[PDB]
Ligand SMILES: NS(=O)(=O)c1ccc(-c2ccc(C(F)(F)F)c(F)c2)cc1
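Before any questions on how it binds or moves, here is one chain, the form solved without the ligand, in structure tokens.
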């Protein structure tokens, strides 16, 4: 199966409006096209146009991303496949907005209902909605690690010091897999446990940002949720499934400070060019993503872009990068 690639353009922000920014991006959700105006003052007609698996314009809301992209992927996780979604694009374009989301200010909504909530919390909410006493015995475990300068931090660890480091090893049980030694995996017994877990993770990240330069823009964030499902149907026979979903928020594409982003590009180039050796081992991120990139996990990429003329070169870089990645084949479960 080819990696599926979608584009999400964010709306203008107040500073862009204040600077009287013009748009250089047109999205056509129906034709699944994004068309970028490239000639500035000089050449009013030149464009580059790309077709993707889906295209989300500035008016797309969090709930539309969920319904279109995540729901189908989560149903596949529930069938016991492994899936990955990662966000790629320049700092400021909405990777974290998309993957995690934000809380609406002054208290207006519950987390399960917040319209600014992104992929991670909606996914956790749906896992419990879908599975709960609906016949299956099931458990859910989460982990959240971040890669910065090729060091690995555990945002969910009971340790009060976020700087305490994890270590990665090959997994002798699983050919393309790693063991993250020290990684706290929290059993989430029900939906009413979700928020406090995410909240404490976010507070550890805020600390991390005070400790390390340009932390949030240089970091890669790797949230994983594993679902163990058990069934005893018609004979009394017992049929076990395990689904895993990785939700990944990459370093800003404008970027050992950068080894993982660099190596991901070299890995994607190797896969599309079909070159014989693919350098997964040369970074922490690509070791973590090995199975998602030419392996047995179903992968989707959300490429995030700004609409503003100012960001022309990086917007074009992001679209070219993401477009070629459609050519990568995985073979799920």
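We call the rigid core whatever largest set of C-alpha positions still superposes within 1.5 Å between the two forms. Residue numbers count along the first chain shown, from 1.
Student: Where both flanking residues are modelled in the other PDB entries compared, is residue 252 itself missing in a third or more?
Tutor: No: coordinates for residue 252 present in every compared entry.
Student: May I ask whether residue 89 is missing from the deposited models in at least a third of the other compared entries?
Tutor: Negative; every one of those entries includes residue 89.
Student: Unmodelled deposited residues between residue 255 and residue 256: none, 1 to 3, 4 to 9, or 10 or more?
Tutor: In the deposited sequence, 10 or more residues between these two have no coordinates.
Student: Averaged over C-alpha atoms, is the B-factor higher for 159-167 or for 124-132 in this PDB entry?
Tutor: Between 124-132 and 159-167, it is 124-132 that shows the higher mean C-alpha B-factor.
Student: Should the higher mean CA B-factor in the entry be assigned to 178-186 or to 104-112?
Tutor: On average, C-alpha B-factors are higher across 104-112.
Student: Checking the record values for 95, 218, 191, 204, which has the greatest CA B factor?
Tutor: Among 95, 218, 191, 204, the highest C-alpha B-factor in the entry belongs to 191.
Student: Which of these has the highest Cα B-factor in the record: 294, 57, 40, 265?
Tutor: Of the candidates given, the C-alpha B-factor peaks at 294.
Student: Mind checking which third residue 25 falls in for C-alpha B-factor across the chain?
Tutor: Answer is lowest: the recorded C-alpha B-factor places it there.
Student: How does residue 53 rank on Cα B-factor within its chain, lowest, middle or highest third?
Tutor: Residue 53: CA B-factor falls in the middle third of its chain.
Student: How does residue 63 rank on Cα B-factor within its chain, lowest, middle or highest third?
Tutor: Residue 63: CA B-factor falls in the middle third of its chain.
Student: Based on the deposited C-alpha B factors for this chain, I'd like to know if residue 249 is in the lowest, middle or highest third.
Tutor: Within its chain, residue 249 is a lowest-third residue by C-alpha B-factor, going by the deposited values.
Student: Taking the C-alpha B-factors as the PDB entry records them, is residue 278 in the lowest, middle or highest third of its chain?
Tutor: Within its chain, residue 278 is a highest-third residue by C-alpha B-factor, going by the deposited values.
Another form, the form deposited with the ligand bound, is not on view; read the next lines as being about it.
Student: Do heavy atoms from each of 72, 83 and 127 fall within 4.5 Å of the ligand in the deposited complex?
Tutor: So, no: the whole triplet misses the ligand.
Student: Looking at heavy atoms inside 4.5 Å, which stretch does the ligand contact in the deposited complex, given the options 171-179, 259-267, 130-138, 236-244?
Tutor: Within 4.5 Å of the partner lies stretch 259-267.
Student: Going by heavy atom distances of 4.5 angstroms or less, which of 225, 152, 77, 250 would be at the interface with the ligand in the deposited complex?
Tutor: Residue within 4.5 Å of the partner: 250.
Student: Just to be sure I understand the contacts: of 308, 27, 301, 288, which is the one whose heavy atoms reach within 4.5 angstroms of the ligand in the deposited complex?
Tutor: Exactly one residue meets the criterion: 301.
Student: Using the partner position in the deposited complex, report whether residue 88 sits within 4.5 Å of the ligand, counting heavy atoms only.
Tutor: Heavy-atom contact with the ligand at 4.5 Å: present for residue 88.
Student: May I ask you to list the residues of 116-140 that have any heavy atom within 4.5 angstroms of the ligand in the deposited complex, in sequence order?
Tutor: If the 4.5 Å heavy-atom criterion is applied to the ligand in the deposited complex, 116-140 yields nothing.
Student: Kindly specify the one residue in 77, 142, 222, 119 whose Cα moves by 2 Å or more between this form and the one not shown, with superposition done on the rigid core.
Tutor: It is 119; the other listed residues stay below 2 Å.
Student: Fitting the rigid core first, would the Cα of residue 187 be found 2 Å or more away between this form and the one not shown?
Tutor: Not so; residue 187 is displaced by less than 2 Å.
Student: Taking the rigid core as the superposition reference, indicate whether the CA of residue 16 shifts 2 angstroms or more between this form and the one not shown.
Tutor: Yes.
Student: Does the distance between the two CA positions of residue 196 reach 2 Å or more between this form and the one not shown, the core being superposed?
Tutor: It does not reach a 2 Å shift.
Student: Pin down for me whether the residue 117-residue 184 Cα distance shrinks or grows in the deposited complex relative to this form (closer or farther, change of 3 Å or more).
Tutor: Relative to the shown form, the pair is closer.
Student: Regarding residue 200 and residue 117, go with closer or farther for their CA spacing in the deposited complex versus this form, the difference being 3 Å or more.
Tutor: Their C-alpha distance shrinks by at least 3 Å in the deposited complex.
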